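Data first, discussion second: the structure below is written as structure tokens.
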Amino acid sequence: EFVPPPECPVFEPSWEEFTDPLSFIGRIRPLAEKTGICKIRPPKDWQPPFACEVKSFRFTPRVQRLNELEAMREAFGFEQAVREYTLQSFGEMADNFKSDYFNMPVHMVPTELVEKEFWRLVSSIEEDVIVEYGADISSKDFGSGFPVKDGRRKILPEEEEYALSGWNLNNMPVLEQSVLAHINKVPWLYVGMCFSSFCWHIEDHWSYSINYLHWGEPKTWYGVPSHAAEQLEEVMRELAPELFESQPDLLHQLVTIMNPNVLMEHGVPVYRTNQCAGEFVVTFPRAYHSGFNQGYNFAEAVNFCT
Ligand SMILES: C[C@H](OCCN1CCCCC1)c1cnn(-c2cc(C(=O)O)ccn2)c1-c1cccc(-c2ccccc2)c1
Ligand SMILES: [Mn+2]
């Protein structure tokens, strides 16, 4: 069965250390860059409100078949596809799926069991599980999960500090330095369900990324330090299908699903974490990462530069 990778570092900064995100990330970098990903728990009293317009939040999630690669059928390409949800109707669907699958209330399912079942389903040719992921939803559509002082929604006085916080993902620096920037991005939202996932990838321009789970069940992460990036790519090339082996990385990254134990068997260091509600995950430059959701949750993410 699946062997869980060792845990990535978790930081619990003081109020003093929590003042500037880039300053804090610079200081933890000697350790966190050696694990690729790390988790940051804000001070207990730091609780931003959820500012998305939930009334009109409607979306069509992407259909994901967990075992599509291992499955390499009559009328293929028409198995399942788009259907619009609200945040509420998606959550009802998500909870019903998980509780029916495990035959228990969703919050009683151990995280280690969903993890073991996810990787079993990914490689199983006998059971075909299909889930849905409301993801790559632009925050410019229904607003950010964080309050923003843009004059499009009410902000109570006690929420102003979160609209102005450096840990508000809308306030991260995103402009990359270049001479082209002298001659010449927004957060994305992720509505997960049980087993919805993201495959192994790095960010464009090898950027940092920062990720906040606003609410819901945990998001399980795997990360690989940047010094092992080429080792992971070599393992990918050896074990990937021949038809996908020669594809450009940006396209190959669409189907780069691989059990972490396989990477670990080849000597690639992999670290894991369960990002719970109210916690940040930071990925460092060229740190490959992948993961899946334990249940109905809501995440916000952006690439930033230092
Ligand atoms: C590379 C990719 O660019 C997304 C920007 N797009 C904007 C629109 C045009 C096209 C590019 C990207 C970046 N970050 N990122 C990610 C996501 C999570 C998460 O899901 O929590 C955690 C950590 N990182 C991912 C990602 C990686 C693999 C898979 C999926 C995915 C698959 C199917 C359905 C939904 C999402 C997303
Ligand atoms: Mn990413």
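FYI, side chains are in, hydrogens and waters are out, and symmetry mates aren't considered; it's all heavy atoms of this structure. Atoms within each ligand, like the ligands themselves, are counted from 1 in listed order. Nothing fancy with the numbering, it's 1 onward along the sequence.
- Not a single donor-acceptor pair under 3.5 Å links the side chain of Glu68 to the backbone N or O of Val255.
- Nearest to atom 35 (C) of ligand 1 by heavy-atom distance, out of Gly223, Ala301, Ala135, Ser207, is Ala135.
- Atoms of ligand 1 lying under 4.0 Å from any heavy atom of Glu203, numbered from 1 in the order shown and given with element: 13 (C), 14 (N).
- A salt bridge does not link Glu7 with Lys39: every distance from a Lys NZ or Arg NE/NH1/NH2 to an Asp or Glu carboxylate oxygen is 4.0 Å or more.
- Residue contacts with ligand 1 do not include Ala299, since none of its heavy atoms lies under 4.0 Å from the ligand.
- Numbered from 1 in the order shown, with element, the atoms of ligand 1 that lie under 4.0 Å from a heavy atom of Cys199 read 28 (C), 29 (C).
- Here the closest non-hydrogen pair linking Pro42 and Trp46 is CB-CE3, 3.6 Å.
- Taking both residues in full, the closest heavy atoms of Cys38 and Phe11 are given as CB-CE1, 3.8 Å, listed atom of the first, atom of the second, then distance.
- Around the CH2 atom of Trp215, the shell of radius 6.0 Å holds more than 12 heavy atoms that belong to other residues, nucleotides or ligands.
- Ligand 1 lies nowhere less than 4.0 angstrom from a heavy atom belonging to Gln253.
- Within the structure, ligand 1 has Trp188 among the residues with a heavy atom less than 4.0 angstrom away.
- Within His289, NE2 is the N, O or S atom that lies nearest to the Mn ion (ligand 2).
- Restricting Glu203 to its N, O or S atoms, the one at the least distance from the Mn ion (ligand 2) is OE2.
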Practice problem: Could you check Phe57 against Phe59 for ring pair (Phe, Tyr, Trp, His ring centres under 6.0 Å), going step by step and ending with a plain yes or no? | Solution: CA-CA 7 Å; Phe57 201 110; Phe59 63 102; 5.8 Å; yes

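- Within the 4.0 Å heavy-atom criterion, the part of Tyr133 lying near ligand 1 is the side chain and not the backbone.
- Near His289, meaning under 4.0 Å from any of its heavy atoms, are these atoms of ligand 1: 23 (C), 24 (N).
- Smallest separation of non-hydrogen atoms from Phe97 and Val131: CZ-CG1, 3.9 Å.
- Near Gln64, meaning under 4.0 Å from one of its heavy atoms, ligand 1 places the atoms 32 (C), 33 (C), 34 (C).
- Residue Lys219 places at least one N or O, backbone or side chain, under 3.5 Å from an N or O of ligand 1.
- With hydrogens and angles ignored, the 3.5 Å screen pairs a side-chain donor or acceptor of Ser89 with a backbone N or O of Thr86.
- For ligand 1, the polar-atom distance check against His201 finds a nitrogen or oxygen pair separated by under 3.5 Å.
- For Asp100, the CG atom counts as densely surrounded, since its 6.0 Å shell holds more than 12 non-hydrogen atoms of other residues, nucleotides or ligands.
- Heavy atoms of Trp221 found under 4.0 angstrom from ligand 1 belong exclusively to the side chain.
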